[PDB]
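One chain comes next, on its own, written as structure tokens: the form deposited in one PDB entry.
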């Protein structure tokens, strides 16, 4: 047989993949690092166990398999291989996704001190990734550091495609318009970038909460109560919940993110600190009509030192049995 099985939970993989070591584990899959003998390099292999098992797993698994082919960008996951060990639709149980092995996820990187050259490099790439997604008609809406990976050479990839409802979820990076069920447009994703950036500086999650109720409170306690023309776009029930919580002035950006947090010894670093704080103050903006756009974020001085036309301006429900077959066929391409 082409496949062999190992306990990791059982991984049943193609024989080219050697010496599996578990490296990750979310609701969606276990991920192993492995050596790929055919390509002569290391890969990450994610097992999606019976993903047609509910609407949630199914939609995500299915959607991300289709979207794979609609993207082609170094800052967005590319698949090396897609496979199932099972040979028939009836036997079908598991999907394995193979990609390049990176060195770390953003959670890990966030915990480090990074200079501005790196910090800004990570961010330029997130924005190039997101720019790519948007040009393909994909607004992500759920960008977060545990789905973002990095290499030692500071290169970065976004691994998932976001949102499009029960099962037996980290929300901290979601935009107000997502937190409050409003219309959104492409700059919804800018907010999540500003949350990841804030976190890189502060080393704490900007807006923690048990659910959207606490989370909103952390938003307003820091950025202050939003403005009139923001309310006008809230559904009347959310509007009135939102027009009735304790108000806040909200702290300026130098209180939010003091010099203390920034590499700021040399003149170069004092200047980069000011510019990083300028971008933060432009991205973490409650009201989307006043939030910076992806293209303006890419022209910001903190980010534009990396700018490269080639990188920036580039390419482009169901029952469980219905999902099993949709996903099977996709895997079979």
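Positions refer to the first chain, counted from 1. By rigid core we mean the largest C-alpha set that fits within 1.5 Å across both forms.
Below: the form solved in complex with a partner chain, not depicted.
### Query
Using a 4.5 Å heavy atom cut-off, are 16, 42 and 100 all in contact with the partner chain in the bound PDB entry?
Not a single listed residue reaches the partner chain in the bound PDB entry, so no.
### Message
Can you work out which of 218, 151, 203, 233 has a heavy atom no more than 4.5 Å from the partner chain in the bound PDB entry?
### Response
Comparing distances to the partner chain in the bound PDB entry, the residue within 4.5 Å is 151.
### Message
Give me the residue from 229, 117, 211, 243 that has a heavy atom within 4.5 Å of the partner chain in the bound PDB entry.
### Response
That would be 117.
### Message
Counting any heavy atom within 4.5 Å as contact, can you tell me which stretch out of 57 to 65, 281 to 289, 42 to 50, 301 to 309 lines the partner chain in the bound PDB entry?
### Response
Heavy-atom contact with the partner occurs in 301 to 309.
### Message
Can you tell me if residue 109 lies within 4.5 angstroms of the partner chain in the bound PDB entry, counting non-hydrogen atoms only?
### Response
Result yes; residue 109 sits at the interface with the partner chain in the bound PDB entry.
### Query
Is residue 124 close enough to the partner chain in the bound PDB entry to count, meaning some heavy atom within 4.5 Å?
Flag for residue 124 set to yes.
### Task
Would you please decide whether residue 104 lies within 4.5 angstroms of the partner chain in the bound PDB entry, comparing each non-hydrogen atom pair?
Yes, residue 104 is a contact residue.
### Residue from 274, 293, 299, 54 whose Cα, after superposing the rigid core, lies 2 Å or more away between this form and the one not shown
Residue with a C-alpha shift of 2 Å or more: 54.
#### Entry: Flag for residue 223, CA shift 2 Å or larger between this form and the one not shown after aligning core
No, shifts by less than 2 Å.
### Task
Determine, after fitting the two forms on their core, whether residue 85 shows a C-alpha shift of 2 Å or more between this form and the one not shown.
After core superposition, the displacement of the residue 85 C-alpha between this form and the one not shown reaches the 2 Å mark, so yes.
### Message
Superposed on the rigid core, does the Cα of residue 68 end up 2 angstroms or more away between this form and the one not shown?
### Response
It does not, since the residue 68 C-alpha is displaced less than 2 Å between this form and the one not shown after the core fit.
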